[PDB]
Structures are given as C-alpha cells and as structure tokens.
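Data block below; observations after.
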Ligand SMILES: Cc1cc2nc3c(=O)[nH]c(=O)nc-3n(C[C@H](O)[C@H](O)[C@H](O)COP(=O)(O)OP(=O)(O)OC[C@H]3O[C@@H](n4cnc5c(N)ncnc54)[C@H](O)[C@@H]3O)c2cc1C
Ligand SMILES: Cc1cc2nc3c(=O)[nH]c(=O)nc-3n(C[C@H](O)[C@H](O)[C@H](O)COP(=O)(O)OP(=O)(O)OC[C@H]3O[C@@H](n4cnc5c(N)ncnc54)[C@H](O)[C@@H]3O)c2cc1C
C-alpha cells in the first residue's frame, strides 16, 4: 500500500529523532507507534523521574539542612503534587514530539507494526484498521522491556518502574531488586518521602558499572540517607501475599526472608525482539537476544537498521538519539561519523549527589594494558561545592601517561552530570590533559574540580 | 637582609596562586599582604557572596514555588544565619590559603609593600616594624578598589560591597548604583530577603557588558522578583541624611529624587596603582590608569609582572589565577601559553537564573566584520530544565560562517555557569561547530541545550 523512503518502528528518543534527521535530509519518512510517543523516556522514564528526583531533593534540603540554612517552621511535602508535576512535565514533552513530527512533514501511523516482508510492514492501526507499508529502508527502534527475576512474576505488589512511576500514593516500605541507576534513583525518591527502602544487588557493589570509588561513595551517601543496600545478595523468590511481599534472598550460604508492602523489579532490561516478524524480515539477533548491528547501526540485512535499546549497546536515551542520527545519515548517504567505542559515551544517575562518568574505569584501564595515570580531587576543596551546601563527592579522571589522553572520567557531586561535556569532547577529538589544563574555568564553579584534575594529571595541582 | 627570586604583592587569587606556581618551579618565593589573605575574592567577594546567593535561591524557591512542589507550611529564613554561613565558608577558604603557603614553602610577609627601586621593596610590617626586601623578579597583584560616583562619598549609609557583604543586619530598603554582576547579585540576595531594592544603571541595559538578548531576559526576571531597575539613568549625587539617603538622578532630561535607608555603590572598580611607589619601580600605566602588560603579564620593566584586576584586562578571579600562572611560568622559564584575547575568557553572574558567557556578543561579532551565524535554544524545550522547575532562559551561540568557529557564547538559566567549559575549550583549541555537534551529551541535562545550538549552527537543530 503506502510507500516511504524510510519507515521507523517506534517513536522513542531514538525513533522520533532518527525520523527527524531523515526528514531533514529530504527523505520521505513515516513513524509507527501504538502507545508511547516519546517512548519510555518521555512518558514513564527519563523525564518523569528527573522531576520526582528534584522534588525529593528539596524535601531533603528543607529537612536535613533546614537549620543550616536558617530555616524555621513546620513543613510537609505531598508526594501527590510531585507525582502530578512529573506527569505534567511528561505530558508537555510528549506534545513536543507530535509538534516536531508535524514540523518535519513526518507521517505518523498510530498502530503496531510487524514485518511481513523484508521491505513490507503490516500495521495494526489503533482504530482497529490495518494497513500495509512498503519501504526502501527501515529503522527499528522498538526499545526494550524490564527483565524480571527468574521464576517471579508481576503482581499488584510486585511492579516495574512503569507501575511505580505512575503511582500517586506511596507504600510504607519497599524492596528494590537491582542497584542500577533506575534502582538507586527510585530509592532516593521514595526514601526522601518517608518510605522504608531496601535495595538488593547481586553484584558486590551498588552501581556496579561505575568505578569502584564511585560505588563506594554513593553507598556512603545512601546509608547516610537511611536506605538499606544489600550487596553480594541473590534474590531467590518473590511471594506476594496481598498484605505484604516476601522476597527470599541468599548471601554466603545464609538465607533470610525480607518482607515489604511492595517490591520494584529493576535488575535489568531486555530488548523487545519478539512479536513483530523480525524473522520474516531476515533481521538476526545476538547470543544475548539483542539485534546485531555494525558501527552504522546496520543489521545483517542491508536496508534495515536497529537503534536505541533494542540493540543493547548502551541502553540510554542520548545514545538512542545519537544512533538514530547515525542511522538516518548513513541511509541518506550524507556526512556521518560513527560513535565508535560505546564505552566512551557519557552516563549519569540523577540522585543527589549525582553520579556521572564516561569511558573506562581505573581498574578497567589497567586490565586493558594502558599506562594508567589517575588524578582525584575532592569537592570538599571546591568553593562552589561549599557555597551550594554539598561538599561531598569528588572528580576522578583516568588518562594514559604517553601523551595524556583521557581514558575515562568518574564524578560524584552536586549536579556533576553537567560537567561531562568537556571531557568527552576532549577524548573524541584527541585533546590531551595538557590542552585541558590550559582551559580557564569560571570561578567559583564545580567545573574547577576538573581543572585541578587536569593539573594533577599534567604536573601539580594549584589549590590543593 | 632578605632576598627572594620572586616577590609577590598582594595575596588575592592571582597573587597567592602566582606564588604557588613559582614555588612549584623551584623559585624562592615571598608574598606580601597586610589585610586580606585570599584577597577580596575569598574574604568579601566571590566566596561569601556565592554562599549568600545560595540562601537567597532557596528562599526564592519556596516563597514562589512552594505549592508547585507540594510544599505545605509556613517557614522563615533568617538572613543572620545566612550571613554566618557565608563567613564560615570564607574563613575556610582563607585558612586554606595559608595551608598552601606553608605546603609550598612560601614566605608570608605581613605588611604593606612600597617600591624604592626596580628590585627593592620596602615593607611596612603590621607589627610596627619596617624592613626591606630585594628580588630578581616581582609579580604585582594589588587588585582594584570601588570606583565611587563622581562627587559622592562613602558614609554610614552609603557603602561599598565590603561594608554591605559584612553586615549581618539588613536595611528596610536600598538603592544600588550600577547594574553589573556585583550589583545585580546583591539585588537578588537583598530582594529575596524582603528588602526593597532599586538598581540604577547609567547605560540603557542591565548587565550592559552582556549580550542584549541576555540583558533583556535578566531584566524580565528581576522585574518578576520585585526588583526595580532604572536604566539610562545618571546618578547626579548621593546625600546621606542619616535616617534616610537621597539619591538625585536624571532620566529623560529630568532630575528626580530616589530615597532609601541605604545605598550600595558598585558602578565599577579602579586598579590599585598609587600609594606604593610604582614610579619608583618605573612601571608604566595605560591610558585607563591600569598597569600596562604584554601577553605575558610583563610590564614595561622586564622583571616586573602585573596580574589580576590591577591590569584591568578582565577583573575576575579565574582570570587573575590564570595570569599568575603565565607570569610565574614565564619568570621560571617553563613552557607556558598566553591566555590570548581576554574577551574569549568566560564569566558568570550567580543570581538565579545564572548568566554565563564568553567571547563576543552578536552585535560585537558583527561590528567586527565577521560572517556571523547565530543559534538560539530555549530551555522550555529542555527536559532537565522542566524537571528542576525552572525552564526559563536560553543558550545563544555565535560563530563565524567560514569554518564554524565559535566567536561567542551567551547563556541564561539554571546554574548555566557550569556549561561554559566545552565552549571555551573548543574556541581555545580551534574545534568548530562541526566537531562540537558530534559530541554526545548525557540526557537529560542542561548541556543538551548546547548540543542543539551546535546542530542549528551546522545546519538544522532537532528538538525545535
Ligand atoms: C525509570 C527510568 C528512568 C530512566 N532514566 C534515564 C536517564 O536519566 N537517562 C537516559 O539516557 N536514559 C534513561 N532511561 C532509559 C531510556 O528511557 C531508554 O534508554 C530509552 O527510552 C530508549 O529509547 P528507545 O527509543 O530505544 O526506546 P523506547 O523509548 O523504549 O521506545 C520504544 C517504543 O517503540 C514502540 N514499539 C515497540 N515495538 C513496536 C512495534 N512492533 N511496532 C510499533 N511500535 C513499537 C513502543 O511502544 C515504545 O514506545 C530510563 C529508563 C527508566 C525506565
Ligand atoms: C562582591 C564581589 C563579588 C565578586 N564575585 C565574583 C565571582 O563570583 N567570580 C569572579 O570570578 N570574580 C568575582 N569578583 C571579583 C574578584 O574578587 C576579583 O576579580 C579578584 O579578587 C581579583 O584578584 P586579584 O588577585 O587581582 O586582587 P584582589 O583579590 O583584589 O587582592 C589584592 C590584594 O593586594 C593587597 N595589596 C594591595 N596593595 C598592596 C601593597 N602595596 N602591598 C601588599 N599587599 C597589597 C590587598 O590588601 C589585597 O588583599 C567579585 C568581587 C566583589 C567585590
């Protein structure tokens, strides 16, 4: 039936952006989405959570630091309003997507898509109808879905980020499976609102993907916040009894029964790869059930690309958009530039203090065989940190002794997730610590912490 | 009979930092300071003021968005406590300075220095003594002082940043002369604490040194705050009546009276150049009554350098430090790098929303015959901005069409002062919009605004 130069499956951060880039390159484009315009990110992930995170932060300040700031008076916080605001922000962002589609003359198709042929797509319109769509190129951005603990299932008390982020009421207590960004974030929010929070992690450290120093620090903050985190603990089963939930866990042989009114499943996310004829299109998967892809987001099938979480490279919004652009451009044959080693891409957990990082960890760089060089500067020695009321955290940078090329960056502190830009730019365009050390940073700011690390990397730090 | 390889006048940011770099380079160093160790910045400038801006920010967040965040109850902010914190933060930084002086084996000389020769310094010790010190090199970092309005004088109710920032009690009202960073910052603090603030600016724009777009925006914010700003108005005279101060001003060829309990004078700062025998050393001044220097902070006298506000290039703390390094490095004969066109150096106003900028403004870049290219991006289209509860402001970039080289950056919004690093690094190391547009930014962050501008600079944006 209808035909288009390019058709994207999914309107998440990766899908709607790849669609825009395709449109900007003069390519007839259409996007197929049945539910979430803006994907999980805008509707029930990035956007809404960051809103709640901010609310939780203020509850923290006007509580634990009220006296330190000369604040008096009895004050209370209604999570309901927090919830409502988060939904409003999301709602506004979603509206933006539809605007962008209209502005770029991108055709929207409201329904579920299924590959019938290598260049045909059968769509189940949300109105009940059904239309066939031919395409010379296709971009799969179907995202991913939360992976539950083997043997367990979702119920009224055992939920995923989705059902939890849409709850206007909070439980008296909760048990979170997974100490990843998403798990830590909910822990921060919930705890700040009076919910007893226990976080269980199979690996030996919270935020295991991060550098060991970062994990150790963020664990200090959470324990200080009142959150109970259990590492090297394995979740055996989750039994929802109605009045409460019993999660059996094991650690070094000993097994105990943890009970809470609710349990959030967040151990990981597995790409959505089944149910829409990926096999009929010819697209192959990986040993990890992820869509195989090359440096150009291209799949085993030439005209079919896979971007976003569906390829499991780095399940993060900005990555999905980045791959989307690389997908569209390469399709149009226009100038593009592969992202390269996806480990060099930035990431951040938005609890307070923030956790931001990129590249390899100290240990990682070592095992890799590089001539590792490390510099670490505490925020207790930063003026801005003291002025804002959060002197915690630090900036740890990793480079190679040869010419001083950055290998990675690991930060923890007040909104440090904004300090990554300079680092990645330098690593991507080969700017050594020597050049970084000659860049003047405004005073007084958190960024100065980076400047000192640049100095400690090259020669000696000044204000330390 | 004491002699040193290098002698530093003034212990402000540039001073003590210069002394530090010198020591690190194995140079016998001594620093002369009679009053403020850490200079105006750590004692009554940067440091203390930033802390006060943080308290004011929290007062603004509550009084205006308390319900928007679901905060219920009535609280009170005690400025006296805010004041006490600012002093603690300050004394902490000062104490740190002495630490670095000892750590680097730098000799502290407590007293006022006066030149007698090009290699001899007479010192009026604070203990009443009077000794002399010789040197092979000298670094003049005597900072600046408040330039009063012609014909006016200081008094009990007519003060400068020093008396103001050091007062624990607040006035019922105040008139601030000068809409520069310092003036605007004080307005914000005082207003948020219940004071009736009126700011008078000779020029037709607040923050006239910034880009017109930024000035307009910041002017709108302050109006909503309740701050009265009179631009294109000249202060004719200030009469301290004891129980009331009268400020005669002229706007539209018509003189009129403005009255308040106090009046802050902050129209500008003049480099400290007299009273310490600069002529005895034979150091020349510019037509602006500032110590002349070359790209290496070198004065007309070969072994005499001047850094900081004293040279009036760019009166800021990071600038002073950066110049100190170049100075000390040049003396020691170590590899260095000139800062270059000081106009490209970053600056920021720490009121909320912040104001951050660097390089040329749009109009300046045009007047200088550049093939100007601009890219603006609003924060209302930024996910993080909504999450934080302040989508106001924007990011304006200006570049040259030749190769997409950056000429200037002008931002306004939530703590945007932390977003300059990437921009100045690129401008300093010939990275263009094209390389900048290929740098992925963590989502969702304020820095994503930069990323959009980069795109709209190389061609077309994405989320707008
Ligand atoms: C609570 C939470 C917080 C997060 N916080 C962050 C953060 O701070 N930063 C960050 O970078 N990432 C964050 N993430 C992750 C981020 O949301 C994902 O990385 C991102 O959404 C992936 O984008 P995507 O476009 O690949 O897919 P998704 O956004 O998952 O979108 C896929 C879309 O495709 C549609 N679809 C699927 N199959 C079909 C089909 N067959 N036909 C038609 N449509 C289909 C779906 O309905 C869906 O809307 C967070 C996630 C969660 C759950
Ligand atoms: C209220 C206020 C807020 C500010 N906020 C900021 C901000 O947020 N960010 C920013 O970057 N800048 C800010 N500034 C500006 C910043 O403080 C100055 O740019 C910086 O202090 C200049 O450093 P300096 O070393 O040149 O001189 P100063 O710090 O002024 O120090 C000069 C020192 O020299 C000493 N001295 C003078 N003559 C002699 C002599 N003959 N012998 C011995 N010692 C002598 C003095 O006693 C003094 O301590 C602010 C300034 C004020 C007033």
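Method on record in the header is X-ray crystallography, 2.4 Å.
The backbone N, Cα and C atoms fix where each Cβ goes, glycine too.
Swiss-Prot annotates B:178, B:179, B:180, B:181, B:182, B:266, B:267, B:268, B:269 as NAD(+)-binding residues; of B:162, B:201, B:210, the candidate listed for that same site is B:201.
The annotation in Swiss-Prot ties B:33, B:34, B:35, B:36, B:37, B:38, B:39, B:40, B:41, B:50, B:309, B:317 to FAD, and of the candidates under consideration, B:113, B:253, B:369, the one tied to the same site is B:113. Checking the recorded positions B:35, B:46, B:317, B:443 against chain A with a Cβ-Cβ cut-off under 8 Å leaves B:46, B:317, B:443. Ligand 1 lies within reach of B:443 from the recorded positions B:39, B:178, B:443, judged by a C-beta closer than 6 angstroms to any of its atoms. All protein chains included, residue B:178 (NAD(+) binding site) registers 24 other Cβ atoms within 10 Å of its own Cβ. Each of B:177, B:183 belongs to the same chain as B:178, B:179, B:180, B:181, B:182, B:201, B:266, B:267, B:268, B:269, is absent from that list, and has a C-beta within 8 angstroms of the C-beta centroid marking the NAD(+) site. The FAD-binding residues named in the record, B:33, B:34, B:35, B:36, B:37, B:38, B:39, B:40, B:41, B:50, B:113, B:309, B:317, extend over a maximum Cα to Cα distance of 30 Å. Among the binding-site residues B:35, B:41, B:113, B:178, B:266, the ones whose Cβ sits under 6 Å from an atom of ligand 2 are, in sequence order, B:35, B:41, B:113. The recorded positions listed here are B:35, B:443; among them, B:443 has the most other Cβ atoms within 10 Å of its own Cβ. The highest number of surrounding Cβ atoms within 10 Å, among the binding-site residues B:41, B:317, is found at B:41.
The Cβ of residue B:268 (NAD(+) binding site) has B:146, B:147, B:178, B:180 as same-chain neighbours under 8 Å, each 6 or more residues away in sequence. Here the binding-site residues are B:39, B:180, and the one whose Cβ sees the fewest other Cβ atoms within 10 Å is B:180.
Using a 10 Å Cα-Cα cut-off around residue B:317 (FAD binding site), the recorded positions B:182, B:266, B:443 reduce to an empty set.
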